[PDB]
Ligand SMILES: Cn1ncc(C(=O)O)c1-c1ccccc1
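The form solved without this ligand is given below as one chain in structure tokens.
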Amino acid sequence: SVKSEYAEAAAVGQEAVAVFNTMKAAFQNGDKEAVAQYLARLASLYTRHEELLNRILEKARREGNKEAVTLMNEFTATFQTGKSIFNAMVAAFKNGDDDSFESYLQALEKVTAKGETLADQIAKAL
């Protein structure tokens, strides 16, 4: 169902959380070779998650589940805000700009933290 597809999407999102915290530790420790690899892994995870979320939203639309569509439209908008912040972070790493990297890191944490009450609301709505 769309609901089991959301659980799969939720798991991929939690994998990115796990990899992110590992990456944050490696950044603080100055292990740039690890950070590079973790950023590549995160890019692949976010790409996957985005694809699953789009399929869920399109299916909710085809099902006429108006509440789930409303919540998913907002949640995807937020996801893109996290995605832009992540991409800026990747560029800061390429450029060697640790000050910007720290800034983007914290902002991506707070954006993700904010978008969690909605994530739970979607699970219940699908």
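Just count from 1 along the sequence shown to find any residue number.
Of the two segments, 37-45 and 96-104, the one listed with the higher mean B-factor is 96-104 (C-alpha atoms only). Sorting the modelled residues of the chain by their CA temperature factor places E74 in the lowest third. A11: CA B factor lies in the middle third for its chain, per the PDB record. In the PDB entry, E51 places in the highest third of its chain by CA B-factor.
This next part talks about the form deposited with this ligand bound, which is not shown.
This ligand in the deposited bound form comes within 4.5 Å of no heavy atom belonging to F93.
Although the partner is absent here, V17 sits close enough that one of its heavy atoms falls within 4.5 Å of this ligand in the deposited bound form. Residue contact check for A26: none of its heavy atoms lie within 4.5 Å of this ligand in the deposited bound form. Within 4.5 Å of any heavy atom of this ligand in the deposited bound form lies no heavy atom of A125. Contacts between stretch 67-82 and this ligand, counted in the deposited bound form as any heavy atom lying within 4.5 Å, involve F75 alone.
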